[PDB]
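These notes concern the structure reproduced below.
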Amino acid sequence: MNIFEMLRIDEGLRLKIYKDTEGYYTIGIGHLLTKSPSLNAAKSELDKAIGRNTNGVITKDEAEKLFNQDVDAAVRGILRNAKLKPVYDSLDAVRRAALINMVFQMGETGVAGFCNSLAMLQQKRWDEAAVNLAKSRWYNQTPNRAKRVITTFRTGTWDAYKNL
Ligand SMILES: *SCC1=CC(C)(C)N(O)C1(C)C
């Protein structure tokens, strides 16, 4: 298991524009196109992202390309963020992947707001961190996914993602 395989399981793969759990136009492996309710706006973002006129449809290679960019961007985002970098650096590689997964899903800003949870993680109080992480809109709206990420932070293993 690794961050790519982990997010591939959590985000799925779809080659046509679809709406994500929040109702937002998305494509590929969880590539958010826009929060605008206009399909035309989403299509424009997609053609820009891919570099051709796609009419709302891309290939698996194209999906994987955006995905690699989105993973890289999440991580570099973490490393440029004064609230996230110290926790990230303090973690082992498995729990690092959990933190990348959160940022991919909710953005740097949403995760930075988890300051109480981040402090518990910095302190390696893994069970306490897990309890605090669940007290969140994130857990309530995507509980199965949140449970997997929280298990990863609690155990520092991939147990929630193997057999899946
Ligand atoms: S969200 C940034 C942050 C603030 C403080 C409460 C000092 N923390 O421990 C972290 C780094 C979580």
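Keep in mind that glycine also has a Cβ here, set from the backbone N, Cα and C atoms.
Features as listed in Swiss-Prot:
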- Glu11: active site, proton donor/acceptor (ACT_SITE)
- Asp20: active site, proton donor/acceptor (ACT_SITE)
- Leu32, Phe104, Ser117, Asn132: substrate binding site (BINDING)
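Annotated pair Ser117 (substrate binding site) and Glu11 (active site, proton donor/acceptor), C-alpha to C-alpha distance, rounded: 23 Å. Neighbour list (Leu32 (substrate binding site), Cβ cut-off 8 Å, at least 6 residues apart, same chain): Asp20, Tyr24, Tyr25, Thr26. Counting other Cβ atoms within 10 Å of each Cβ, the lowest count among the binding-site residues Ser117, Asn132 belongs to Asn132. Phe104 (substrate binding site) sits 10 Å from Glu11 (active site, proton donor/acceptor), taking the C-alpha atoms as the reference points.
Fewest Cβ neighbours within 10 Å among the recorded positions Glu11, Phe104: that distinction goes to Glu11. In this structure, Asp20 (active site, proton donor/acceptor) belongs to neither helix nor strand by DSSP; it is coil. Look at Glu11 (active site, proton donor/acceptor): DSSP puts it in a helix. With respect to their backbone Cα atoms, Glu11 (active site, proton donor/acceptor) and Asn132 (substrate binding site) stand 24 Å from each other. DSSP assigns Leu32 (substrate binding site) to a strand segment in the three-state reduction.
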